[PDB]
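Close look at the chain arrangement
The residues making up each chain are set out below.
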Amino acid sequence: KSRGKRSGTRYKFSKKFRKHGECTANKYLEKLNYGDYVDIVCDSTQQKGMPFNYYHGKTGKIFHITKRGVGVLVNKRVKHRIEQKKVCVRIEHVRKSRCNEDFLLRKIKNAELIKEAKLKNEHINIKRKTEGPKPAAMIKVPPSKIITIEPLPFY
Amino acid sequence: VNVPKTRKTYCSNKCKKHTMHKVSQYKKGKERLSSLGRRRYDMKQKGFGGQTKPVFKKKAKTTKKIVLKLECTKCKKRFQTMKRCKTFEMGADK
Amino acid sequence: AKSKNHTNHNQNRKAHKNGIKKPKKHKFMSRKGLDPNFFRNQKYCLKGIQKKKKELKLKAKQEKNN
RNA sequence: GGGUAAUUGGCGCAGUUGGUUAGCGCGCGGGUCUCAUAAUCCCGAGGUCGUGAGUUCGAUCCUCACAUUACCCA
RNA sequence: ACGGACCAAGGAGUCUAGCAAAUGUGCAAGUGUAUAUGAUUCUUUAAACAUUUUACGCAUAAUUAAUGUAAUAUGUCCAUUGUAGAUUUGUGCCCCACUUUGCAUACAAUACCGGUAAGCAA
RNA sequence: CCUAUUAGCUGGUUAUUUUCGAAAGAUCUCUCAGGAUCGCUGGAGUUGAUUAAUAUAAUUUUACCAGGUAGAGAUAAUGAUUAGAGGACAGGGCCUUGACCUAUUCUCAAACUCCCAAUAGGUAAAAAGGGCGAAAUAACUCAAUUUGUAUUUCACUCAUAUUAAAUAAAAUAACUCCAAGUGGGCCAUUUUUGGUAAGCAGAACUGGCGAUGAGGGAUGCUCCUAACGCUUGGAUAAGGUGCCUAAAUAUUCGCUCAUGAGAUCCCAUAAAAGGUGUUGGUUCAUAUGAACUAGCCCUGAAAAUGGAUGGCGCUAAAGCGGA
RNA sequence: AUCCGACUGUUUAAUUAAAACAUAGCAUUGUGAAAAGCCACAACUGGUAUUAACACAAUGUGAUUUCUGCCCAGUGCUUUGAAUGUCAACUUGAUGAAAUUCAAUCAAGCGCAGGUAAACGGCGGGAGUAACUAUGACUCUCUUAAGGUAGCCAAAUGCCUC
RNA sequence: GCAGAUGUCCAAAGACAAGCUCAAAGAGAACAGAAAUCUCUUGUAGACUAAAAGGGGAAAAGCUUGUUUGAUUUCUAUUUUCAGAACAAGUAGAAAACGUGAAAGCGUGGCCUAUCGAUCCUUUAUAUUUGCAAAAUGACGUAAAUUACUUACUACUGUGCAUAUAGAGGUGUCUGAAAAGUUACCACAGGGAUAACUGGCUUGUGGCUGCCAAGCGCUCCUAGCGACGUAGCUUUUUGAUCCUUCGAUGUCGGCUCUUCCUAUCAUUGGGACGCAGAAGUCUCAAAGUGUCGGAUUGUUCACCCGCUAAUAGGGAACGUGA
RNA sequence: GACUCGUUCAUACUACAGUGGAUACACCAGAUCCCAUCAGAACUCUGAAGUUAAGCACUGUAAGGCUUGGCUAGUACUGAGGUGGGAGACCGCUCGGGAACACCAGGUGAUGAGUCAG
């Protein structure tokens, strides 16, 4: 019967234990660029410039920057299709993401390795390994460490 | 709700300086007999047929929106709208 | 007559019958009302670079067309 | 909505520029026997604010306070 | 649960006005020849044919209540600018990579006209 | 006669075959038997593929995210909630009543949380892109016409021969237009609200039914196997192998005497309590006494047309539980 | 023997013949005539009426007997109004260049003040109290317009109720 | 469904800045007490923050003071309900002129989540914006010219009326009709989507059978009982639901008639008993035989009179209206 | 050794004792002017006579707490399958993933930039 703004956030928007008090005085100092990937986290110490109920935890990208506002583009599901949505949030709530730091590190490794690989004219399986079947080898174990197992009785 | 009678604010026309404004409470004012609605309705009401239009006869809510008329001391007027309330007066005791 | 007041059954299957549709993801996004006083400068930037490039184009065109 | 009277003692009452007045409710004195009663006095934002005028509750004026009427294109 | 004893015949998404869309056709910045006009047409002919150098509808230019106003702008018979994008001319008479043209369209950007704001304002 | 008045409602609405093929939601409605609307579908047409790619995927993985459900608690908060151990404000005759304080104890919370799963959720995994320097442009920013920002043009080049993880009858795509039906649902495992319960009322992820037959459950709208062009052979699924009834009185290993035995989930009831019936165990006592323990069986066990493991019947099973 | 109806009569053609109706009696109201009442009629006109309060019209109750108690606050109906609140057209007057805008009132009605219940209708609630007990002749109390009078009864009207 | 709440209130309870830090508990000090004022110690909110509840809040979002009205004009990008309509409520900005502090900043009402409303009509404001369909209303205003149908240049152009923009006047059935009952005289189209009757599934209530054993029974737990509690059958009452029929299944009771069930009232044969006998109580096997006449009442149900051997309980579409 | 501006935002906290005073912070002397009050207590301004007593720094507590690791425990729990068992409530099995509280052991920080002093 009731579907207000902050409906059903009795715990979600609640600040975690021993984390009360204003936002960290260094979160303002992060650097943002157009095209970066960002995460949206709804903090409650700040009140204005607040995200909405559904968007807590989602991701996106930066396409709009004002004196304090940040506009992020998000894919929100509705029944049969996905439609872009632009949400304007504030710096306190917004938070730099990690969804692309893995790929950035991979690109840096590629740049600093395949350069010398090409210099030597070597081909590598630069695709991610996804280790599957282990190889077959020989191992040692003395008979003094083999501890048998047997099912246990009842009590 | 009590409101100070004279305020300091912006003038939306003919001036661009924050000046004094006199605040009054808007009143509806008697409808003109020669107005187009009235004359058309009278023309409709001539002859038999009785009422030929609805009557807003539900009377649900118990208050009217409150509106302030601002007079710019230099010249001209302007409207302003406050949130609805039951009680309203001009410059009452502090 | 009592009427069922709500259901959400079969909705997901109906959604996936046509496949979850994706937005077209075009390249450029319009700047109709995004943070003016910056694109205000950017438009002059584009006009200036285009003017220089096109005036050099016309200079080359004239000096090659006699 | 208009239109009008009303709300001033505690009851009720009407008054209007050189004005707050009484019949009753209360006090005591004195008194004609026991009651009346002369008279002192308790009792007054003259419903509220502002305005007009050597001189006002009064004159002008708006706020709500009470009631039959009349329209309910409101 | 309701109609059906049986047989034969009749028995129901049609017609018109208007619009839109899809398709086919003619013509094409024009289109349609309307009422109507002329003819050795005048069984069939109540159809066909024909229409002296702006009649009209619909379209070519939009917009605002409205007096009305009305699409780069004379550097030049270039014809706004991008990202891809079909073709195209060639290099390595049949692929791909290199420069050349950039249809249509898609996503934008620019100008320019009306309108309303704002600044100026004879 | 107006008039063949109107009717959101009942009944009907005539030849084949092929191809594709649904919904019973959600918003609004003097709306609840209707309607408009998107959602699901068909037809039409266009751009892209036809180059084992790229877009793309009800997919998983690698990395990185967010939650507060079960669970766990009562000494961690709040609210409860049971007893004692010890200890310095009030009442009366050193004593008693309590309150109160320290550390313990018994048990809880859909509207409690210091903690926290599996499921389900999200994003990135390189070319219309990026990395690395110059040259221009601006009326933006900065103390900075050179601080940068963003843009354009040039450099240079980043796996591409399996393809920036895996795998993909991934281009059966993407878009646009026209339009019908639909807009009362129901059942099932699991979760769950009200009610004692209901083949009830109401929701949740998924599948079915409807819209659908084929083999089995004797029989059945939803159960199991499995989804259907027309024939010929082979071999199976579920399920059965005493006859009905196609196939084993098949083998082999134990239990069962029922004077109302027992014989498949949905599925068509059976309990608390017992048994000196019988089979096997465990714990103790000196092949004996007791106490337990679980399989079958017996009692508990009563309803009306005559009655049903489907019938017949079945005991060295054709019953039970296996191999 | 009781209830109902006073009686004779009439009625739901084809489900109800009665306790239903009507009747005689009782009582009320309007009405002095063509400038009245009640009614018909589109207008002219007409019936009551070839009539005249011992008459006409509209009513409720229904022999006879004895009765026919109280309330005009409610709603009705009606009686008087130059003091009177409210209230139309028109008219007058004012301003205005004109449309216009304004004030004023001896219309009716409603209000004001009365009357009327055989007009529609209404008719209380608590406590305390007497050489045994129980009740309450009475006392106090809240309140309405009066608070059920004469009478009558588990009646065809009382659920508790067999 | 559950626990509640809203159709308001506020020039401060709005904006900003600065200062301070709340409840509570103990300790102490004339009157002075469980509570009255002050001071100290401890003190992560146990108070306060307009309202209900849920979050947030400590050199503050609270308390005190100071200055003030950004509770302002106009316009975009968008989020929630979602048709991804709107309004509404917000969020982020922009062009203005401001307030605040020293600035950085902050301010588009209330620390956040609820506090509110279309068309048309009316009204009031704004406007170098307009018309009132052959014409004009400052004004013959200004420059020259004469006895006239003279010529150039003018932003300020009659009442009333319509517009354009902006608020407001309310449509609580709140995406918005102006609206009292009755049919026991009724009419029609429909509905098992929907009642009243069986039938059905469930057994709360009703009835019936149990389990345990504190006490009763002179002592004596189980002769007969059996509280406090606990497990089942039943469809013979009433219930709950609405799966079947509203193009009709003739809905109470009595009369009549047949069969069936057993939870046996009597009769048969036994067992037990707190049994001398008689009489009687409990009970096992047993449906073969039998379960009445009357007054009252429409009754079922019920209560009486009398005999009886006993006057047992029930079904079959509440058996049975061709 | 000491300070200033930070990050990490309890291993950094808190209670109780011990240690350390040349510049260092800090206590401290004062109120004419800037400045504030009921109060020079606080705030502001001017000073350096005395000072580790306190704060501050370090260390100690079978210190509480906090924080890692082990254990709780493959327990509670749960996704998929099942013509599995059980009258039911529930409980097995295959493929799967995986807790918490209490308990025990260890520890009480690290750190950037800049400066003074020797």
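Residues numbered from 1 in each chain as written, not as in the entry; some residues may be left out. Chains lettered and ligands numbered in written order. Part of a larger assembly, values for the part shown. Heavy atoms only, no water.

- You'll find chain C entered in the PDB entry as 60S ribosomal protein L29, with Plasmodium falciparum 3D7 given as the organism.
- The header of this PDB entry states its title as "Subtomogram averaged consensus structure of the malarial 80S ribosome in Plasmodium falciparum-infected human erythrocytes".
- Reading the Sequence similarities (unreviewed entry) entry of the UniProt record for chain C gives the comment "Belongs to the eukaryotic ribosomal protein eL29 family." (UniProt positions renumbered as here; feature names shortened; annotations may be inferred.)

- As annotated in the PDB entry, chain B is Large ribosomal subunit protein eL42 from Plasmodium falciparum 3D7.

1. Observations concerning a nonpolar patch on the surface
- There is a patch of nonpolar side chains on the surface, built from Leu113, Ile124 and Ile126 of chain A and spanning about 250 Å² of accessible area.
- Among the structural elements, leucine 113 of chain A can be located in helix α1 (residues 101-120). (Patch = residues over 30% accessible without salt bridge, like charges linked within 9 Å, V, L, I, M, F, W, Y side chains within 5 Å. Areas by Shrake-Rupley, 256 points an atom, 1.4 Å probe, with all protein chains shown as cover. Salt bridge = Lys/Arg side-chain N within 4 Å of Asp/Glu carboxyl O. Helix = DSSP H or I, 4+ residues; strand = E, 2+ residues; numbered from the N terminus.)

2. Considerations on helix α2 (residues 39-65) of chain C
- With 27 residues, α2 of chain C extends 38 Å from end C-alpha to end C-alpha; this agrees with the ideal 39 Å at 1.5 Å per step.
- Just beyond α2 of chain C, the residue with positive phi is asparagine 66 of chain C, at close to 65°. (Expected span 1.5 Å × (residues − 1).)

3. Quick look at the pattern of salt bridges
- Counting across every chain of the model gives eight salt bridges over all chains.
- Close ionic contact of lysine 15 of chain A with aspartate 43 of chain A constitutes a salt bridge, the shortest N to O distance being 2.8 Å. Here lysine 15 of chain A, found in the segment before β1 (37-40), pairs with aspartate 43 of chain A, found in the loop between β1 and β2 (59-65); they are 28 residues apart in sequence, far enough to count as distant.
- Judged by relative accessible area, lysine 15 of chain A falls into the partly exposed class, the value being 34%.
- A salt bridge links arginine 38 of chain B to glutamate 31 of chain B; the shortest N-O distance between them is 3.0 Å.
- According to the relative accessible area criterion, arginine 38 of chain B is partly exposed, its value standing at 34%. (Buried < 20%, exposed > 50% of the residue type's maximum accessible area, 1.4 Å probe, protein only.)

4. Points about the sheet that holds strand β2 (residues 6-9) of chain B
Residue and element names in this part refer to chain B.
- Pairing within the open sheet is antiparallel, and its four strands lie in the order β2-β3-β4-β5. A strand with exactly one partner marks an edge of an open sheet, and here the two such strands are β2 and β5 (77-82). The sheet shows a mean angle of 40° between the axes of neighbouring strands, taken without regard to direction. (Pairing = 2+ DSSP bridges. Axes fitted to C-alpha atoms, helices over the stretch in contact; angles between N-to-C directions.)

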